[PDB]
Structures are given as structure tokens and as C-alpha cells.
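Below is one structure, written out as C-alpha cells, with a few remarks after it.
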Amino acid sequence: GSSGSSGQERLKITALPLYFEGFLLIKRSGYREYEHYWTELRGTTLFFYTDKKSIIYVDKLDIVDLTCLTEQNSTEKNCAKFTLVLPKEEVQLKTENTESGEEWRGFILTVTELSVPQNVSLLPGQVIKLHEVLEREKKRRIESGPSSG
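Residue 1 is where the sequence shown starts when you use the entry's author numbering, and the numbers rise one by one after that.
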């Protein structure tokens, strides 16, 4: 119907540093049909949302222990389709166009390999992100290990 409120909610720092954003399609055994959700790339955890307004992500994933990334030819549409190989379970991912794909894929490979893929098609203005995003997660490396047990 409608909502009402008096105040501005514009924070800069929340929990994890933002790297990328765009409507991503999630697919996992059972889904059957790629799900739509405002996916957000942060640190090394994929956060799925429903709307920018939403503060609490409807659901989130994890690709920190990513084992690798596969590609699916899929002769039909020229898009980027890869599967997130995890040491626990695999998950399907999809974008809107090849562009976004290369973006995520790259961005991910960056927030997974702890480096930057030089085998992409992105530009010098996009690659930077990969570099930045990297250095961004790099710091994380600082306090990551298990502090005592």
C-alpha cells in the first residue's frame, strides 16, 4: 500500500565494505528457476536483497572457500553462466548480460583468489575495482586467522 517515516537513513559503514552491486540471479538444486534478488558483493560474502530499502538481506551466501568457478557453454544466449564450486555444495549463478557476468565473475575471482584476473574482457575503469576490491579484502587478511582456540 504505502509507508511513512520522518528521517534519512544513509550510512557509509555498516559491516562489510561494498565492492559491487546489481540484480543477480541465484540458482540452486531445488530452485528450478533462477531467483531474482538484489545481490550485494561484500568482503567475501554474497548478500541477497529484495530492494534497496530493505536493510536486512532476505538471504546471503558464501564464496570464501570457493573451490573454483566453472563455465557453461549453453548455446542459446550470449551471457555469462558459471557455477560456484564449494567444498560443501555447488551453487548456480547468472546475470543479466555478459557485461555484468564478467564483472561478478571477475569481482568474485578477486574476492576468492585474493588476486586479480588478467584473463577478462573488462576495461581499465572496471579492472581497477578488482584491484581496489582486492586491496580492500586484503586488509581483512589482517585479523582473519583463528585467534587462539
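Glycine included, C-beta positions come from ideal geometry on N, C-alpha and C.
**Request:** Quickly, what does DSSP pair residue 131 with across the bridge? List them, please.
**Result:** According to DSSP, residue 131 bridges with nothing at all.
**Asked** If you drop the 5 nearest sequence neighbours on each side, which residues of the same chain put their C-beta closer than 8 Å to that of residue 82?
**Response** Close CB contacts of residue 82 within its chain, under the 8 Å cut and outside five residues either way in sequence, are with 69, 70, 71, 72, 93, 101, 105 (chain order).
**Cβ neighbour criterion (16 or more within 10 Å) applied to residue 44** = buried
**Request:** Go through the region 54-81 residue by residue and report every complete run of the alpha helix (DSSP H) that reaches 4 residues or more, in order.
**Result:** none
**Item:** Option nearest residue 14 by Cα separation, candidates 56, 76, 144
**Value:** Among 56, 76, 144, the Cα nearest to that of residue 14 belongs to 56.
**Prompt:** Around the Cβ of residue 114, are there at least 16 other Cβ atoms within 10 angstroms (buried) or fewer (exposed)?
**Reply:** exposed
**Asked** Residue range of the beta strand (DSSP E) that residue 18 falls in?
**Response** 18-27
**Prompt:** Quick one, which of 35, 134, 41, 103 has its alpha-carbon nearest residue 121's?
**Reply:** 103
**Request:** Measure how close the beta-carbons of residue 217 and residue 41 come, nearest whole angstrom, since I'm counting them as under 8 Å.
**Result:** Any question about residue 217 goes unanswered here, given that the chain covers just 1 to 149.
**Item:** Buried or exposed by the 16-neighbour rule on C-beta atoms within 10 Å, applied to residue 88
**Value:** exposed
**Asked** Hey, residue 86 and residue 109 are a contact pair by Cβ (cut 8 Å); roughly how many whole angstroms apart?
**Response** 15 Å between Cβ atoms; not a contact.
**Start and end residues, alpha helix (DSSP H) containing residue 42** = Run containing residue 42: none in the alpha helix (DSSP H); it sits in the beta strand (DSSP E), 35-42.
**CB of residue 37 within 8 Å of CB of residue 48, strictly** = yes
**Item:** Reduced DSSP secondary structure (H/G/I, E/B, other) of residue 109
**Value:** helix
**Prompt:** What's the call for residue 142, buried or exposed, on a 16-neighbour Cβ count within 10 Å?
**Reply:** So residue 142 ends up on the exposed side.
**Request:** Pull up the DSSP beta-bridge partners for residue 94, would you.
**Result:** 25, 81
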